2 protein chains.
Amino acid sequence: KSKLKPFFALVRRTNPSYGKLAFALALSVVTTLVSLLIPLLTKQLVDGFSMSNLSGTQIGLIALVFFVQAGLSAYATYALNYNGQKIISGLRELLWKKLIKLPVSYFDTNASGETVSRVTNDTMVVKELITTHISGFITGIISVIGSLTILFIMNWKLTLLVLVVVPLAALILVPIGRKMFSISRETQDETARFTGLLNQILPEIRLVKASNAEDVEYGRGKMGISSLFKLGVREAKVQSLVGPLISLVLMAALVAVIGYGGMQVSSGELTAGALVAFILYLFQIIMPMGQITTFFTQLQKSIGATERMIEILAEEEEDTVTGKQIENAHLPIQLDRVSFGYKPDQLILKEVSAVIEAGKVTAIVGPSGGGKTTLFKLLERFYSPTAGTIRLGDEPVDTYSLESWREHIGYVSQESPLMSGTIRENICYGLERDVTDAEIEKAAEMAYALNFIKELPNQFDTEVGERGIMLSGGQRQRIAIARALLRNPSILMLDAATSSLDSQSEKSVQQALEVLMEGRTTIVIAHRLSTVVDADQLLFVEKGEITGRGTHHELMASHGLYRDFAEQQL
Amino acid sequence: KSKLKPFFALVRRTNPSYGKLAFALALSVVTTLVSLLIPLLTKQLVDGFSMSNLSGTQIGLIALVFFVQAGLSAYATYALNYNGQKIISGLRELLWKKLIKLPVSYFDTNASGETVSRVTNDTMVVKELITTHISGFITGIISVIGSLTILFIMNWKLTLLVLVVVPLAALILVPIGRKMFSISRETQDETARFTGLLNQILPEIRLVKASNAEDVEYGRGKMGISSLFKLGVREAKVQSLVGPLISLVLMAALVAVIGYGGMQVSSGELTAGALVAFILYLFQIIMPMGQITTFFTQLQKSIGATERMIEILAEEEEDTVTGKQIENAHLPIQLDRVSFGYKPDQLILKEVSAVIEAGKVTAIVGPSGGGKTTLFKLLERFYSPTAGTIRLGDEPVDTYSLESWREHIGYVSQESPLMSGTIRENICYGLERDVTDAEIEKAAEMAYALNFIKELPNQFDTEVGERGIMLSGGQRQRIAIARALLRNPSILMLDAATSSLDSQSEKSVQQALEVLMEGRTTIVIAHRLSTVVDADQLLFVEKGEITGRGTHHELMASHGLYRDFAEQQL
Ligand SMILES: Nc1ncnc2c1ncn2[C@@H]1O[C@H](COP(=O)(O)OP(=O)(O)OP(=O)(O)O)[C@@H](O)[C@H]1O
Ligand SMILES: Nc1ncnc2c1ncn2[C@@H]1O[C@H](COP(=O)(O)OP(=O)(O)OP(=O)(O)O)[C@@H](O)[C@H]1O
Ligand SMILES: [Mg+2]
Ligand SMILES: [Mg+2]
């Protein structure tokens, strides 16, 4: 198809300073036309010089005019820069919104460091293109058109050769444009890859120091840098080659013009003098043509980078389109025939079916890799079930809206994450309703976290750093549990919520959680049968299917392998 | 102090294209001298009009020389671009080599993502400056000096007036330069912060969806982008202001010159055309001016952008040359009178001291937050103890080189982190010696992970993804255990690693680890006492002080209230 149309559509979507840029373009056009026409009337210049020699109060007029011209040029440049900055800001805003609203599968498949490099660097390159080269192209086009009209006025014939030159120049230029576009895309991709590699390596700085692999990572960084340098060198080579081709085409055009004028001297013989003038005017043609061609090259390079952006700007996203609010929050969750494969081929969950009854703690247990966490991901509708559907009292879950189903659910991850900022911010993360201070204190007390959080500068200091490195594993897990409890949901999912907690801390947190969420549904995933001994409905999962489904004693009698786990613990 | 010195020192620290840079400077100088010949080329061209009608080979040769000049200018531009790209590549390589070597404390305290953004964006800024603006400055300075010579020869008083005007412009530039430097530094810092926030958010998309905080994160991104927009607009305003100030200074210079020449009206100004001639030449002197000053401004920007690198490139890396290589690796580890705190004041470990017997499974056990992990960090020499010393039987650890100490130690982190790439990639890059296929298979089998990897596309088609997300919460732990075991370490410091593992996987991994314990020494941190009941030197770390120090039975019969831990596990 085409690329200019999508690129200009994106720029329009950015909502730029359309009128302001148009006004700046008009200012630049008028000033350039006046400045081009002024030198032509040299007789006016000489008579003005004589008048200034005669007239006394003429310095002020010229000085004011020059100051006004300088101010107009400065304001035009400022307007162009402002418009470019607004365009890049709009691009960044749109890209950030789309990225943050994409489904989890896209991020699972394409990582996140490449996307961030995409946004930042593509926006930067578009900014570089927008500001100066557009002004260069406009001035060049105006100057070329004016000079072409002047040359036509001087002669109606010789301009035919320039009109022949234009297609020749375009034909010479096209391959350069294609090569520049390819190089720009390859660069703006390798830069993203390198940034992603660095980002994933940095915490493996503790990781590497644990090992002895500083040299290997330095070598990987050097290889990425070398690839980027090679791409830059190739782009520079193409940009350099751009010029000499234009010079050669213009020289050939002038040679053809002179050859034809050799015969034209038959009628316009003395017109050779005018011919000389033509040559001079032709040299003027040669200033802005370069400018114009330069713009084209840039107009390709930007496209390259921007191309990737467009791909991100059309995925699809999930929101509360449906609007069907839960409004009940107390129903049994019935899992029908359901099956999941992250790739379309393989299946992790194979024909699962059960009933999480409200008011009881259903515990999913089994060997590692059986498919426990993916069950929670389905239950929170991170992905969409393929085989069947999940209902909440004879109502398909898809009927309800994401913003309502997720609000009524608390979810502690098996890899309990914390984000940079205050502990209070992490506990309160995302909540729209104001928390005051009583709620945070209650949540911390019910998560057995207040004991240490008050041994530090409170619950507004002790920046958790990146990935929660500035806190212990037990503290991190307890902060995650505190966040989940503070959310105050009807459905509470806790997958391996006490993995890294001591026996006493585990007992206290379990007692508090049972007392709180006793009158609400709770789904716990525990590798230790001790915590789930006092369960209500075990859902032993093995290789993506609930082989055993019953209470402690009944499931122990039925399964046979569950006995192996319990007896091994015993 | 000064700024211009450190920046040029940093640039020299790389390996710039000295030959190509000199070649480009020479070509630019010759081009400017051709421009200076152009004034004589006016009479030469009148003669060319007179005689070229009588000569064709002359026009052919002149056109060939023109094309050769065009090619030379193109080559000069290409050489400048190549030199700039090599300079930025050298900066990136040097910065990466430095970063991969700082002590873990700096990365604990300085938001690695901001550092990566620093390197990438500031290298980009230096690349943006170097080529174009050095070329512009060189051409402008040479043209200005050339025109100044002519102005000097034409008249003394007006040239002196122009010189006295020049430092007025120099004085005017100073506040603008300072403002541009401040703006550039602030913009670079804001870009670093924005990239850091974006990279903290995107990888945790799973938590964002669960917390339903899409709007809050979109708002944070919008605020960051608005800060960037404000800085960009302020920079644009400063550049615009740079725009008419030079014009005003030159207008004042012209007025002063006109007045002084009017003083010469009695004598000297008698050559009124010469005065007018001077005015014409005056115009010329400012065409290069618009370049020279510009370069200076850009220089300041660059000096700001790279300011942080100047701080970054001094951090006292400390690897490889405390010249002692461990040669026995079978000595008991004597922990002396050690007290460590991440902050200078607060103490995590308080007067800890003990002995780890070479060949005994010392188990550090205690409530969360006691300081178990920090002891392991001290053992790996991530941080140096601030109280005493660690000796392997009457030999301080500081004597041995870091490389030797860390090549003999297997360390499984609490996080159990994984990097992107194939499963085999982690256990390959961990070491430097070749590992075969058989050794990798044995290591995997020694961690009860071979079956699951065999189910997948056989250890090379599987990609763990960023942060090890494609794998489960137990499979990644088993992979970390396999990496630890593959190194064949003398000391196996196994921080809690059977957390997410199941009972049967725990049993298998424990049997393999017991075989290795029969091999050599081992240190394990266990949250559950059931897994270390058969240990030898059970330690109890509470609040940084080891209260109980003895075997399991004697520790239980001797220690006080914390015997409830065992009873609680009962
Ligand atoms: N993108 C993915 N995210 C999660 N699991 C994935 C992905 N791609 C493939 N898988 C497969 O899904 C399983 C991991 O999720 P699963 O539900 O089995 O884990 P789990 O029960 O929480 O594990 P464990 O008990 O070991 O912590 C593995 O079989 C893995 O190969
Ligand atoms: N940068 C830091 N890294 C680690 N711990 C830190 C840091 N700064 C302060 N600390 C303190 O150190 C302790 C966390 O490390 P510690 O050695 O106590 O954990 P741990 O024994 O591994 O914990 P757990 O049993 O929960 O896994 C906390 O008391 C915390 O406040
Ligand atoms: Mg710990
Ligand atoms: Mg799991």
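Residues numbered from 1 in each chain as written, not as in the entry; some residues may be left out. Chains lettered and ligands numbered in written order. Heavy atoms only, no water.

Description of the sheet that holds strand β2 (residues 352-356) of chain B
All names here are of chain B. Spatial ordering of the open sheet is given by β2-β1-β4, a layout of three strands whose pairing is antiparallel. With partners counted over all chains shown, the strands left at the sheet margins are β2 and β4 (390-391), one partner each. Across four bridges, strand β1 (residues 333-338) lies against β2 in antiparallel orientation. Paired with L335 across the two strands is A354, which belongs to β2. (Pairing = 2+ DSSP bridges. Helix = DSSP H or I, 4+ residues; strand = E, 2+ residues; numbered from the N terminus.)

Focus on the coordination of the magnesium ion (ligand 4)
Residues and elements named next belong to chain A. Taken together, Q414 (OE1) and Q414 (NE2) make up the full set of protein donors to the magnesium ion (ligand 4), lying 2.6 Å away. For the magnesium ion (ligand 4), the six donor atoms in the first shell make angles of 50 to 154° at the metal, so the coordination geometry reads as irregular. Relative to the helices and strands, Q414 resides in the loop between β5 (409-412) and α13 (423-428). (Donors = N, O, S within 2.8 Å, 3.2 Å for Na, K, Ca; no water. Tetrahedral: all angles 85-135°; square planar, octahedral: opposite > 155°, others 65-115°.)

Remarks on the site of ligand 2
Among the 17 residues in the neighbourhood of ligand 2, the closest are listed as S472 of chain A together with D108, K372, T373 and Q414 of chain B. Bordering ligand 2 are residues originating from chains A and B. Contacts to ligand 2 include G474 of chain A, whose backbone N or O atom sits 2.9 Å from an oxygen atom. For ligand 2, whose free accessible area comes to 630 Å², the fraction covered by protein is 87%. Sorting the residues of the shell around ligand 2 by element identifies α16 (473-487) of chain A together with α11 (372-379) of chain B as the ones contributing at least two each. Grouping the amino acids of the shell around ligand 2 by side-chain chemistry returns four nonpolar, eleven polar and two charged. (Near = heavy atom within 4 Å. Polar contact = N/O pair within 3.5 Å; in protein donor to acceptor, adjacent residues only side chain to side chain. Areas by Shrake-Rupley, 256 points an atom, 1.4 Å probe, with all protein chains shown as cover. Nonpolar A, V, L, I, M, F, W, Y, C, P; charged D, E, K, R; others polar.)

Looking at helix α11 (residues 372-379) of chain A
Residues and elements named next belong to chain A. Counted residue by residue, α11 has eight buried out of eight residues, so it is predominantly covered. Along α11, the positions that sit buried rather than exposed are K372, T373, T374, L375, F376, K377, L378 and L379. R381 lies just past α11 and shows a positive phi near 55°. (Buried < 20%, exposed > 50% of the residue type's maximum accessible area, 1.4 Å probe, protein only.)

A closer look at unusual backbone geometry
For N488 of chain A, which is not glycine, the phi dihedral falls at a positive 55°. Note on placement: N488 of chain A falls in the loop between α16 and β6 (491-495). Exposure remark for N488 of chain A: the relative accessible area of 44% places this residue in the partly exposed category. Phi at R467 of chain B is positive, roughly 60°, even though this residue is not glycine.

Things to note about the packing of helix α2 (residues 18-40) of chain A against helix α4 (residues 59-100) of chain A
Residues and elements named next belong to chain A. In the contact formed by α2 and α4, the axes pass within 9 Å of each other and the chain directions differ by 145°. Handedness of the α2/α4 crossing: left-handed. Contacts between α2 and α4 pair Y18, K20, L21, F23, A24, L25, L27 and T31 from the former with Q69, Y75, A76, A79, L80, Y82 and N83 from the latter. Here the contact of α2 with α4 is composed, by residue class, of eleven nonpolar, three polar and one charged. (Axes fitted to C-alpha atoms, helices over the stretch in contact; angles between N-to-C directions. Left-handed = near helix turned anticlockwise from the far one by under 90°. Contact = heavy atoms within 4.5 Å.)

Re the sheet that holds strand β1 (residues 333-340) of chain A
Residue and element names in this part refer to chain A. The three strands are arranged β2-β1-β4 in an open sheet whose pairing can be described as antiparallel. For this open sheet the edge positions go to β2 (349-356) and β4 (390-391), each flanked by a neighbour on one side alone. α11 contacts β1, β2 and β4 of the sheet and is inclined by roughly 115° relative to β1.

Some remarks on the site of ligand 1
Of all residues adjacent to ligand 1, which total 17 residues, the nearest are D108, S368, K372, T373 and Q414 of chain A. The environment of ligand 1 is shared, with nearby residues belonging to chains A and B. Here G369 of chain A contributes a backbone N or O atom positioned 3.2 Å from an oxygen atom of ligand 1. Between an oxygen atom of ligand 1 and a side-chain N or O atom of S472 of chain B, the distance comes to 3.5 Å. Protein chains bury 88% of the 640 Å² of accessible surface belonging to ligand 1 in isolation. With four residues, the top contributor of residues to the shell around ligand 1 is α11 of chain A. Counted by class, the shell around ligand 1 contains three nonpolar, eleven polar and three charged residues.

Remarks on the relation of the copies chain A and chain B
Rotating chain A by 180° and moving it 0.0 Å along the rotation axis overlays it on chain B with an RMSD of 0.8 Å. The superposition operator between the copies reduces to a two-fold rotation axis. In terms of C-alpha distance to the rotation axis, chain A has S499 of chain A as its closest residue, with the C-alpha 2.8 Å off the axis. The share of interface residues of chain A whose copies in chain B are also at the interface is 93%, consistent with both copies meeting through the same surface. (Least-squares fit on C-alpha atoms.)

What about the interface of chain A and chain B?
The figure often quoted for interface size is the accessible area lost as the parts come together. Chain A puts 114 residues into the contact, and the matching count from chain B is 112 residues. Interface area, chain A with chain B, both sides summed: about 11200 Å², of which 63% is carbon and sulfur. Per-residue buried area on chain A facing chain B is highest for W96, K209 and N212 of chain A; these three make up 7% of the total on that side. One can count 21 residue pairs in polar contact joining chain A with chain B. For the side of chain A that touches chain B, the element with the highest residue contribution is helix α9 (residues 214-264) of chain A, accounting for 19 residues. Grouping the constituent residues of the side of chain A that touches chain B by class yields 49 nonpolar, 33 polar and 32 charged. (Buried area = accessible area lost by both parts, 1.4 Å probe.)

With respect to the nonpolar core
Proteins that are soluble and globular tend to have nonpolar side chains buried together. Residues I481 and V532 of chain A are the most contacted members of the largest nonpolar core, which totals 45 residues. Taken together, the elements giving at least two residues each to this core come down to α13, α14 (438-446), α15 (450-453), α16, β6, α17 (503-517), α18 (552-559) and α19 (561-569) of chain A. Here this core gets six residues from one element, more than from any other, and that element is α16 of chain A. In this view, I481 of chain A contacts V412, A447, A497, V509 and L513 of chain A; residues no more than four positions away in its chain are not counted. Core analysis: the next-biggest nonpolar cluster, separate from the first, contains 36 residues, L202, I205 and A213 of chain A together with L99 of chain B among them. (Core = buried A, V, L, I, M, F, W, Y, C linked by side-chain atoms within 4.5 Å.)

Points about the side chain of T422 of chain B
All names here are of chain B. Within the secondary structure, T422 is located in the loop between β5 (409-412) and α13 (423-429). For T422, a relative accessible area of 17% translates into the label buried. A distance of 2.8 Å separates the side chain of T422 from the backbone oxygen of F460, its partner in a polar contact. Of the polar contacts made by the side chain of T422, one reaches the backbone oxygen of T462; its length is 3.0 Å. Every residue in contact with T422, bar those within four places of it in the chain, is listed here: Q459, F460, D461, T462 and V464.

Some words on the pattern of salt bridges
Side-chain pairing between opposite charges can occur once the charged atoms of the two side chains come close. All names here are of chain A. Here the structure, examined in full by the defined rule, presents 30 salt bridges over all chains. Taking the shortest distance from any N to any O, the salt bridge between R185 and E307 comes out at 2.3 Å. Taken together, the residues span a long stretch of sequence, with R185 in helix α7 (residues 159-201) and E307 in helix α10 (residues 272-312) at a distance of 122 residues. A salt bridge links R381 to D398; the shortest N-O distance between them is 3.9 Å. One end of the pair, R381, is in the loop between α11 and β4; the other, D398, is in the loop between β4 and α12 (402-405), and 17 residues separate them in sequence. Taking the relative accessible area as the measure of exposure, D398 reaches 57% and is therefore exposed. Three or more residues are tied together by salt bridges with common partners; here these are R118, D189, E190 and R193. (Salt bridge = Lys/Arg side-chain N within 4 Å of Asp/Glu carboxyl O.)

Examining the domain arrangement of chain A
All names here are of chain A. We note that the domain assignment places domain 1 (1-320) and domain 2 (321-570) within chain A. Placing a centre on the C-alpha atoms of domain 1 and another on those of domain 2 gives a separation of 54 Å. Taken together, the contact between domain 1 and domain 2 spans eight residues of the former and eleven residues of the latter. Counting each side, the surface lost to burial between domain 1 and domain 2 is near 820 Å², with a carbon and sulfur contribution of 55%. (Domains from an automatic or database assignment.)

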